[PDB]
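Below, in structure tokens: the form deposited in one PDB entry, a single chain.
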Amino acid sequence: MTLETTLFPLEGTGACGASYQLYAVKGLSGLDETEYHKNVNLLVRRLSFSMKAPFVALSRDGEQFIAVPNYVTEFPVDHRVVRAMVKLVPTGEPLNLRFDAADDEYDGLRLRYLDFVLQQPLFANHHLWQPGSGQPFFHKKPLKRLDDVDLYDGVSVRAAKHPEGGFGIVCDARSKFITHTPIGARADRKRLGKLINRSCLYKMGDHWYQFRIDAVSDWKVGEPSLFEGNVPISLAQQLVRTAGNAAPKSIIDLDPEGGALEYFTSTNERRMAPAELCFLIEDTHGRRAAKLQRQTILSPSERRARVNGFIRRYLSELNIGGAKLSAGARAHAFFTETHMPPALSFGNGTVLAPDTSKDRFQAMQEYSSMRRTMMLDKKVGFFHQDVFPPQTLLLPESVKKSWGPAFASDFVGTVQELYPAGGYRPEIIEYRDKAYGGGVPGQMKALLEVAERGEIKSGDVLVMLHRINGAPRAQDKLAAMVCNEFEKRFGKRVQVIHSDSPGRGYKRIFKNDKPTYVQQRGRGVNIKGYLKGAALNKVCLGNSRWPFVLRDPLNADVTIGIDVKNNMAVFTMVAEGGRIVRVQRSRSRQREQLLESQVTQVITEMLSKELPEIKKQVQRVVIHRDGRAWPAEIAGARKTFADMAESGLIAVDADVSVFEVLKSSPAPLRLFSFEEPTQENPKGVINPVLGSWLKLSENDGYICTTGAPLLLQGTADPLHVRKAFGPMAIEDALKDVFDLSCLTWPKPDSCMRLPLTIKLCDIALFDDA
């Protein structure tokens, strides 16, 4: 119940002045509403970088109004490029914003100013450095040396509203891996060329920052490559005359034969840096270094200690102009109620309820384990139990000729034990995986040829693919193409598994004077665990056999997720308790945004199909957007339900609310709870329990969809959800985000960070050609 945040109060913010002059923009009156705001923030960005001041957008009614810090003297007022030229006309009457007010619509302006100015004292601190604007502040001294690489520890700092009045800071600890020795003056042109698109740390004397390698310079560090006025000058000479005071040796004594890297400014200009002073950023996710990556996962005690250390060390005096500022010693804390997980419905009339006579941790551990054990028990089992329609299992020819048959026997038996009512009995087909080439073309050619001959009877196909890209941070192009083509050209619905994972589960054995494949249980995969998980996710869930659903209504009757990435929009709908659930794809104009018409079409048709199955009059609707929400999207959403309320398909006074689910949060906040201090945990800091939550304002809140009993390591990352429109209170939306995240269908005995709504999108999220 006792919970603490990483929100620190701000002190001395009396006598703080945020002077803006509003302007407004003509441009062309073609408010494309999808091209309009694009250009709005393109110009805001351009001005913020060129003039280096905190330009903001405040969008009232017309949604124009760039806000210009009044302390810039010469202002272009007219701005070129950006399609038709834009004229900036002031709305007179300068603003002088203060931090002791009630809730205004100028709060975005204050937060922008506060963010901008809080990072001058840290930018000036000799012992800190920042990769780039907005990013966290890391110590120059590494936290640790791991062999060839250094582990740097930093803290991110964002301004925010304080729920007990005023403004504060939300911070989080952060990590970065950088190779210890530099690229070096002795590295030749071929080596540097092989580094294009890596990022590196540049120790330009006392000023450290990070940039993306874009090309290799033709001129060496000592050869003339610049102009000082009209005299051609070397990079060495330029770095010398921009050093000051007692400049370090490294910047004034470069090897003249060393090479230089090239990069782009934020304002899009060309610059050089000597390789002698650049240290490659290391990717611990790619080139999968488990031992290194584990160093970045912090216990709650480690996290709290590092965050508070940074606060007390660098945020106790903070001078900005005549301004004296401080960060409170101790973070905001509260007593809160924690949400209980919802009662769930399983097969045969059985309900699972959290037990309230146990302490919250034990009760949550029992409930989570029970989700799996009730799914498996043939006396209770899946909430939705029916026979499957015909099924196909489509295997590569090379697999069918070796270990395919043994895998299929085991998989079929595993499905029948997990879901005894389906009578799973797939027809096994092969495709010629070696006949054409084994890139994405050629695999696709063999899959399509098998589909053309009519060999895939039935509409459900489970297809085993080869893994073309084994590197992480890689989308499965082949799987996306297979789903898209089998849906578009045939009626097929396709789930995917790969060949590497199960193949590691089987070894060839001599039995009865015959070669046979049998299970091997050493290492590389846990084959039983694989068979069970793939049976659940690819066959049961893939045929929409939900193992359990909510017993009680959410605050929302219907709730709809949206994600647009790769010109591939995904709409999702959960209704009743998760008894309805649908998922549609759509080809969007842009890669990551939606036209208002497309929204108001897909949603209307999708919901009209299901409305006769929704046996309660519908009156509250919620949309969960995965990421930023655009107002063309909001307009379409409001229009859909105003129309359906007029018609009578819905309650005449039904309402809509829209919420962005920010999984990477721009203001990352953490929650801690406390136990009795043990010898290992001298302060007794621990994770918050699963249902914990907090709202900072009417528009910003946090739920722990992950938390204490079910996390094995690290500290929980609370989920940030922010309202964008509508009458639903933020607390109610937090509660049923949490209830929707207890529908842990992919892995019943575990916690799950995203609510089921957006969980559907980010797995069905695919590619377009």
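Under this definition, the rigid core comprises the largest set of C-alpha atoms superposing within 1.5 Å between the forms. Residue numbers here begin at 1 and follow the sequence given.
This protein has a second form, the form deposited in another entry, left out of what is shown; the following refers to that one.
field: Answer among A333, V351, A435, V81 for the CA shift between the shown form and the other one that reaches 2 Å or more, rigid core superposed
entry: The listed residue whose C-alpha shifts by at least 2 Å is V81.
message: When the rigid core is used for the superposition, does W219 move between the shown form and the other one (threshold: C-alpha shift of 2 Å or more)?
response: Yes.
message: Does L280 move appreciably between the shown form and the other one, meaning a CA displacement of 2 Å or more on the superposed rigid core?
response: Yes, shifts by 2 Å or more.
field: Exceeds or equals 2 Å, Cα of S48 between the shown form and the other one, core fit
entry: Yes, the C-alpha moves 2 Å or more.
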